[PDB]
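Data block below; observations after.
Read the figures in this text as sums done on the coordinates, not as results from a lab. A quick note on method: Cβ atoms are made from the backbone with ideal geometry, for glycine too, and the neighbour counts reach across all protein chains shown.
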Number of protein chains: 6
Amino acid sequence: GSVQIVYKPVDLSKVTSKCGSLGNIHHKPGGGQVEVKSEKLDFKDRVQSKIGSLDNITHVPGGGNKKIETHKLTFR
Amino acid sequence: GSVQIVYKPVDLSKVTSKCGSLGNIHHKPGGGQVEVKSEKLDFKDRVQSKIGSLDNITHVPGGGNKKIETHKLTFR
Amino acid sequence: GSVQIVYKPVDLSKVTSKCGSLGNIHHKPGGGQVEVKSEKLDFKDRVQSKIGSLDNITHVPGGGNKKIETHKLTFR
Amino acid sequence: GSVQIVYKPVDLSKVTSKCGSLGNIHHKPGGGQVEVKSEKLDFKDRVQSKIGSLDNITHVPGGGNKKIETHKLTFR
Amino acid sequence: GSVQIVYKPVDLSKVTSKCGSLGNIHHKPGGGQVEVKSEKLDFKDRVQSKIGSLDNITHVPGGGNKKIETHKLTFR
Amino acid sequence: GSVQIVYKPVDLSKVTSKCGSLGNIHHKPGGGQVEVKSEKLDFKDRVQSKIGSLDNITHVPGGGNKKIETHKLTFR
């Protein structure tokens, strides 16, 4: 019973993005107000909490192409 | 029972980004107010908390291409 | 039972980013106010907390391409 | 023609206010945003302008009784 | 023609205010944003302008009673 | 023509304010942002301008009673 696995992917890809000019981006928030009123937290595993986070972002890349992959062979 | 694994991926890829000019980005937040009122925290594992984080970001890269990958062979 | 593993990935990739000029980035926050009111913390493992962090960032790289990878062979 | 004026008002008044206790007043605005876009102003007399005034007030007096009066004899 | 004026007001008044206790007043604004964009101003007389005034007030007097009066005899 | 003026006001008044205790006043603004963009000002008389004044006040007197008066006899 010669188990045999020849796992062999190939990949010849491209993720291009040609752009002319990024200009005149304004972003002027106006404050606000948050108020959490809790008692206890008991986080236990892989928790990713964000309690009462008033914030702003301006993510303006000239690129932004993401090519995520994943492989796995859970042999038993 | 000669178990055999020939795990062998290939990758010939490209993630390019041609851009002209990044200009005139303004980002003028206006404050705000946060207020958390908790009692106890009992974080226990891999916790990633952000309690009451008033903040701002301006992430303006000339690139930004991300190529994440992952492999695994959990043999038993 | 001559177990055999020939784990052998290849990688011929590129993550390029051609840009013209990064210019005229302004970032003028306006303060704010935070107030946490807790009693006890009992962090225990791999905790990554940020309690009441009022802050700002201006991350403006001429690059920014990230190529993360990971491999693993948990043989038993 | 002995013109005669015997202008003579009297006033025996009271403006009282008995109160027990002023307590637990909260006032938590949430920001906002204004934007005026004008060209010219040409104010000329007794003008009382307030252009684009984002503001807040908390006027909590233990009194507040106002007794305004006015007299006049424009004789000719 | 013996013109005669006997202008003679009297005033026996009171503006009282009895109060118990002023307590627990909170006032927590949350910022905001204003933007005026004008060209010329040409104020000329008794002008009282307030252009783009973002502000806050907390006027909490234990009194506050105002008794304004005015008299005049513009004889000709 | 013996013009005669017997201008003679009287005033027996009181503006009292009895209070118990002023306590626990909080006032926690949260910033903001103003921006005026003008070219010329040409103020000429008795002008009282306040251009772009971001500010705060906490006027907490134990009194505050104001008794303003005015008299005038513009004889001709």
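Whether any residue in the range F:34-57 is in a loop (DSSP other than H, G, I, E, B) and within 30 Å of E:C19 (Cα to Cα) is what I want to check. Yes: one or more hits.
Is at least one residue of the range A:42-56 basic (K, R) and touching a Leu at 6+ places or on another chain (Cβ under 9 Å)? No, the range A:42-56 contains no residue that is basic (K, R) and touching a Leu at 6+ places or on another chain (Cβ under 9 Å).
The single condition among (1) farther than 30 Å from D:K40 by Cβ; (2) under 17 Å from the mean Cα position of the chain (by Cα) that E:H71 does not satisfy is (2).
Within the range D:1-33, the set of residues being outside any loop (DSSP other than H, G, I, E, B) and charged (D, E, K, R) comprises D:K14, D:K18. If we scan the range C:37-46, do we find a residue that is over 26 Å from the mean Cα position of the chain (by Cα), within 7 Å of another protein chain (Cβ to nearest Cβ) and crowded, with 17+ Cβ neighbours inside 10 Å? For the range C:37-46, residues over 26 Å from the mean Cα position of the chain (by Cα), within 7 Å of another protein chain (Cβ to nearest Cβ) and crowded, with 17+ Cβ neighbours inside 10 Å: present. Is at least one residue of the range B:6-26 touching a residue at least 24 places away in the same chain (Cβ under 8 Å), within 30 Å of C:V36 (Cα to Cα) and within 22 Å of the chain's Cα centre (by Cα)? No, because not a single residue in the range B:6-26 is touching a residue at least 24 places away in the same chain (Cβ under 8 Å), within 30 Å of C:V36 (Cα to Cα) and within 22 Å of the chain's Cα centre (by Cα). Yes or no: B:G30 touching a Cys at 6+ places or on another chain (Cβ under 9 Å) and either in contact (Cβ under 8 Å) with a residue 40 or more places away in the chain or within 7 Å of another protein chain (Cβ to nearest Cβ) (or both)? Answer is no for this residue. Tell me, yes or no, whether the range F:7-28 has at least one residue that is closer than 30 Å to D:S13 by Cα, surrounded by 13 or more Cβ atoms within 10 Å (Cβ to Cβ) and acidic (D, E). For the range F:7-28, residues closer than 30 Å to D:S13 by Cα, surrounded by 13 or more Cβ atoms within 10 Å (Cβ to Cβ) and acidic (D, E): present.
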